[PDB]
Amino acid sequence: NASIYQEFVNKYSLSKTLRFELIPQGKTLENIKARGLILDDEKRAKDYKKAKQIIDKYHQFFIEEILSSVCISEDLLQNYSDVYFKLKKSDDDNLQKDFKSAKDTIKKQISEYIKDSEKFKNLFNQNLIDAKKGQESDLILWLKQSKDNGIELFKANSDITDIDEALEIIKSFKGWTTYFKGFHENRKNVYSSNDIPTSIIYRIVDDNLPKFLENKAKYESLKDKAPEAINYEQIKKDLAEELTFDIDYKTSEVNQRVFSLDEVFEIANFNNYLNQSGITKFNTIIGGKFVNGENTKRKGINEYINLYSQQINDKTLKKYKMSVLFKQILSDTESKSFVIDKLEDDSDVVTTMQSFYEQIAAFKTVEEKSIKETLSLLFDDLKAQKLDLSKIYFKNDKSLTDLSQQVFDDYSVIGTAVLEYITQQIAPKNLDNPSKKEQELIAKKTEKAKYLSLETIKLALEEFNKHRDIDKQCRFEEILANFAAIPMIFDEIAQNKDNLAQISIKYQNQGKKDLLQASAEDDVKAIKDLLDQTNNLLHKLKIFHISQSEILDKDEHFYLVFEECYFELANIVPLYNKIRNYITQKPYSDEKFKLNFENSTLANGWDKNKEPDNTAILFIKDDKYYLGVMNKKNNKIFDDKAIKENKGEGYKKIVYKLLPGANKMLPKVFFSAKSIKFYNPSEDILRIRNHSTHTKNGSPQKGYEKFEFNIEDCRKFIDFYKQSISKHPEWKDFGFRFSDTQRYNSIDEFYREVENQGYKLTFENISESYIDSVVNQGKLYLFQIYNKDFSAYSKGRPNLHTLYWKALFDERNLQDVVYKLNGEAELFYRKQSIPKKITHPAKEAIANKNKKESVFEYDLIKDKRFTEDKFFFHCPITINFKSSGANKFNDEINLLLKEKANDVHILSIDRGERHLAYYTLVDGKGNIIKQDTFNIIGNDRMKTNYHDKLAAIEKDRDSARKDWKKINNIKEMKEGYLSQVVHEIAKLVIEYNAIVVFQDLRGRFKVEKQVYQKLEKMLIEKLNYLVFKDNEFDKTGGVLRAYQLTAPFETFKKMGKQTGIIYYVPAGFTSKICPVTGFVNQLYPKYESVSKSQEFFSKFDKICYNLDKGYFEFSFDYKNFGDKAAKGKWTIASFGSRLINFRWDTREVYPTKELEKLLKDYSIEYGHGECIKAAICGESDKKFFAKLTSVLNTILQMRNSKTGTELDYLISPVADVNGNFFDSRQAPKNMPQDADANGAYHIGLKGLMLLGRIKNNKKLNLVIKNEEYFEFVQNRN
RNA sequence: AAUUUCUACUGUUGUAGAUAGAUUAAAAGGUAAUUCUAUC
DNA sequence: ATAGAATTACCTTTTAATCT
Ligand SMILES: [K+]
Ligand SMILES: [K+]
Ligand SMILES: [K+]
Ligand SMILES: [K+]
Ligand SMILES: [K+]
Ligand SMILES: [K+]
Ligand SMILES: [Mg+2]
Ligand SMILES: [Mg+2]
Ligand SMILES: [Mg+2]
Ligand SMILES: [Mg+2]
Ligand SMILES: [Mg+2]
């Protein structure tokens, strides 16, 4: 049976690259190493990285210079801001155009500034690095000027020593300017006025300007609604350095001073936040900073906002949180906050540890006692009540809470005890309501008090126990006992030290960095442990430490001795951070590097004419393919003379002919002064060329006036191009077969025909003896292009990439090209990265995961490919070369779907916590044909659960981050797993004439297990060019005629809700809805007030108990509530039990019995079937409405699941026509067996609505509003 | 337990399926340490 | 014991440009 997508073949051209191994042939590798080419290119990669760093320093200076010259007027900024805020409340077209114009005028200002500078003329051309003898290069001039001045550009750079080495490096790349072409293209994107995020124009205007305006709005709104939020005096003291600016752009005053927050948020002063320095200032104003030697961190705006929010208990203030500005496009980032030193190697770590612990061991206080003995005696005297508890204090911070949790198993015991004691002491009368002065005194004595005396704690606890029960009361002796056990910790530490003794010697060598290796895990596990132990001790002592308040009267001997000890111990904080920062690094791994073979243009073009200049040639021998690179000194090996002289049977050399960019190439050859006389152009053809009458918008020659386009002129010009092509020496051999000139309506059509037909591969036979000679002498370097399919023992279906490569040269492809070979291929070298461990030696039994054992005559080495040095070949090709990219691809897909809508199915896919992905196949009527999870994707005998695999990897990564172990990759597992899912989905799409449907949510999931967006992206990519290896070479679905069922997808930003056959529906109410009735919970019952909740409950029609069915019925009409988006009359029932997730753990809740208990407690009679709605609305108790609303929510919770188990079911609170309530546990085959299945099925129903809109359609919209969705789903059936 | 490379394999010097590279920039998130605070 | 707002350090993944 034929597929409906048979027509969608060869629809648009796309680009791919294939990857192969290069296997050196004969003496090739010997000659390579003899000349040391691999060494040369290894050094050149390092030099190239350095050169790019140097160019980047020049670019950073240029950017700072431009942004220092730039000034954006306050009027432009205010106009932008006004239109920008007006855009928020309306989508009108005039506002869109006005915003576009303001954005573009600001961009134009900055773009003029960048064009004006002199350096910009030579910023991306050859003149940067290499110039002639007359003038030196701009980069070299800037380096020499910087050296002449007192500035050392490469102090921060570790790879470059000084500017003299920088000069060496730039001078070494003379004659290699083309090597930087691409890089310079990258750099052009930094200054482009187009809407590309790589530009500083973009970063200022598209990114940072809206953030600053939003922050200014938030600042003024906060000033109105929370004036007491930010402490302006303190923030001006703390952040003076970042509030200092030279120029107030509102008043134009060139005065350097500390700005007010009012000034920093004046719109014009946005001019101060364009460069990286001002960006860091502004972001520091938002974020505060740590200052070396100050124990308290200085606060920014957001911290004052959050503290005030916590103070007055208003979470609405979270709305006014400031947004950090994004960095400037090439800037090195400077931190205003403190930055810790760095340990260099293993020896640093071990020596610093040993110094710390020897210091802690040998230390003695003024009372000549060790830390251990001293703390022991101190806490023993404390235990024995020998000290004045009114002169010893606990910090009233998290340390006291931690103590309460550790000793009384409740963090709030000590705090509430002290609050009750101070409340009872300051005001015995009016305990519930303190006075206006007593409230401030209370809070100042407890909440505001930095420290609390042990006296206060003890008396508070003793008064607290009176009103506490006997089984659970908290005694001060328990706190004293906790402190008396602390010295023992020291002894425990001792043990580890001796063990670590040995460990120290292991890593006492310097420069080794062996602690970053995985083999050191065990030893690291010890180190961390010791550190962790010490750290914990520190915190247990931290509660006594007094911060930088240098006031309360204290036992001065106690505190002298304690602070001596604590100061010595507290060096563990820096040591801990240093060691963590070192060990967590991932160890250095070699990367592959580019091979050039002494050629800056090694594979930039395969054309025969370019062979001596690019030196890359392709050969075919039997069924094998070969890449050959000519020695730079011997690049005439395959000139025409040698080919004629050495015609032989051995190798088939590819001869490559390409006529690219016809619109520039043809007139370059025909009107060039060298040959313009040859292709004799008439005066009329020259008149067509001079005034561009053959084009609508082309440029005229020699400054003539452009004449209106004339199709007759265009066709005569096309005919001159044809005549000239036939006169041309090399192009005549393309065998062009143009359509009739009268068929053309545009010059571009003819150009496209030229470019389509202007690619031809042919072959020349060459003596094997000649290839062997030239590869032996070292004049040719020869490699076989290889993957596992070219093995003599392959004997199976090949890789898709193998098929594409072979099709490049297939007779059937060459007669009408779909696979075209492109230029700018690349060669790489990859050094061996793991030791060759022979994992399964020959003639030994090996265990099978599914025969129970296997044996082989040969060895089997794990990761053999990484146990030796290898060459690689990245080769770019174009597929569907003669067709062009179709803008109207979605429209054609929709036309096809409208014609054959009866054959169409809906493959809808949802995600879940329990299911990585879950699919639902729906027929045109809305019935479910298929449904299964994608967690298990092992077909046939072997089944693999990639959900468990991915969840295990996630747990492993969490464990690793915590334990300083190497974080293993989860990305490769997700890609290998999704390949199978994509395969299955393609198969389904074609077997069932399906369209795929997903839900709208971007890129911020933070559940490492989740795979939804990656699956979308991989599926789009696959459906761009769908080949089935089992199809026929020239039939639909084969190599020449692949399915194209999706649009190209350049970005997600561009992509709407349809790419080809993949549609997106809103995720709203896809899984929290009934599959039978369509009921959805748009009553949102929350408890606010008694008046509000009785107002709510009076909107129902009736509320009663049903005896004949034994459950409560709430009947209502959705029209009586806020919005008519959901409409209709519904009766909901307390039928069935529910599962509640709390802290996770789960709980069985029976709502009918809870409703019974609540009605008995308030003595409302329901037992005879009476309607109790009036009695509900008349109740006055807060608790009644709170519990009623809670039970009503529980009734509406259709998704019920126990976390940590399989069950995730869905029960409806609405009964069907037969009186049954849907439950996924006992649901028919055509019904969703699962909550996630329900989500998939309703995503599919939204897709079915879309199919309907396609079938019945000009101006087709795939926007699905909730109203139409509800009407569709719950209307019938 | 072999790979252009990934995943699952042993399917026997390999078997399925997938596989757009190079370069450049930026963002997002995770974990720890530290600061100030809020919680029935 | 949860958690919020910051800073620093280490890490992985994702997205969007240029060319092919
Ligand atoms: K400026
Ligand atoms: K102010
Ligand atoms: K590590
Ligand atoms: K490779
Ligand atoms: K497939
Ligand atoms: K893959
Ligand atoms: Mg001005
Ligand atoms: Mg060259
Ligand atoms: Mg194969
Ligand atoms: Mg290149
Ligand atoms: Mg493997």
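Going from the start of the chain as shown, residues are counted 1 onward.
So how was this one determined? The header says X-ray crystallography, 3.0 Å.
Cβ atoms here come from the backbone N, Cα and C positions, even for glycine.
The region 'Recognition domain 1' feature in Swiss-Prot is assigned to A:26-340. Swiss-Prot lists A:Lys132 with the feature site 'Binds target strand DNA', giving experimental evidence as the kind of evidence. Annotated site 'Binds DNA in crRNA-target DNA heteroduplex' per Swiss-Prot: A:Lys321, A:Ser335, A:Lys586, A:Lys1014, A:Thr1051, in sequence order, evidence recorded as experimental evidence. Feature annotation from Swiss-Prot assigns region 'LKL, important for PAM recognition and DNA unwinding' to A:659-676; the stated evidence is a curator's inference. According to Swiss-Prot, the site 'Binds PAM' annotation covers A:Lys668. Taken from Swiss-Prot, the feature active site, for pre-crRNA processing applies to A:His840, A:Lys849, A:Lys862, supported by a curator's inference. If you look up Swiss-Prot, you'll see A:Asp910, A:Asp1236 marked as active site, for DNase activity of RuvC domain. For A:947-964, the entry in Swiss-Prot reads region 'Bridge helix'.
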About how far apart, in whole Å, are the alpha carbons (Cα) of A:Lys132 (site 'Binds target strand DNA') and A:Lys862 (active site, for pre-crRNA processing)? 55
For the recorded positions listed here, A:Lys586, A:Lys668, A:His840, A:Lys849, which shows the highest count of neighbouring CB atoms within 10 A? A:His840
The active-site residues listed are A:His840, A:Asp910, A:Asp1236; by CA-CA distance, the one closest to A:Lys586 (site 'Binds DNA in crRNA-target DNA heteroduplex') is A:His840
Roughly how big, as a whole number of Å, is the Cα gap between A:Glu550 and A:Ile551 that 4 unmodelled residues would have to close? 7
Considering only the recorded positions A:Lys321, A:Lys862, A:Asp910, A:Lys1014, A:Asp1236, which residue has the minimal Cα-Cα separation from A:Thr1051 (site 'Binds DNA in crRNA-target DNA heteroduplex')? A:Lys1014
Find, for the listed recorded sites A:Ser335, A:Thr1051, the residue with the lowest Cβ contact count at a 10 Å cut-off, counting only other Cβ atoms. A:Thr1051
Do me a favour and check the Cα-Cα span between A:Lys849 (active site, for pre-crRNA processing) and A:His840 (active site, for pre-crRNA processing); whole Å is fine. 15
Here the recorded positions are A:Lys321, A:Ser335, A:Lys668, A:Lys862, A:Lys1014, and the Cα closest to that of A:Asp910 (active site, for DNase activity of RuvC domain) is found at A:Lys1014
Looking only at Cβ atoms, how many others are within 10 Å of the one on A:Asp910 (active site, for DNase activity of RuvC domain)? 26
Just counting, how many other CB atoms are there within 10 A of the CB of A:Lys321 (site 'Binds DNA in crRNA-target DNA heteroduplex')? 15
Of the residues in the region 'LKL, important for PAM recognition and DNA unwinding' (A:659-676), how many are helix, strand and coil by DSSP? 9 helix, 0 strand, 9 coil
Below 8 Å Cβ to Cβ and six or more residues apart, same chain only. Which residues does that give for A:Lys1014 (site 'Binds DNA in crRNA-target DNA heteroduplex')? A:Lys974, A:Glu975, A:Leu978
Helix, strand or coil for A:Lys1014 (site 'Binds DNA in crRNA-target DNA heteroduplex')? Use DSSP. helix
For A:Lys132 (site 'Binds target strand DNA'), just count the other CB atoms lying within 10 A of its CB, please. 9
Across the 7 residues missing from the deposited entry, can you see how many angstrom lie between the CA of A:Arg1143 and the CA of A:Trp1144, as a whole number? 5
Which whole-number value in Å describes the distance between the Cα atoms of A:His840 (active site, for pre-crRNA processing) and A:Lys862 (active site, for pre-crRNA processing)? 8
Within 10 Å of the Cβ of A:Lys862 (active site, for pre-crRNA processing), how many other Cβ atoms can you find? Include all protein chains, please. 12
For the region 'Bridge helix' (A:947-964), what does DSSP give as the number of helix, strand and coil residues? 17 helix, 0 strand, 1 coil
Could you check what DSSP calls A:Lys862 (active site, for pre-crRNA processing) once collapsed to helix, strand or coil? coil
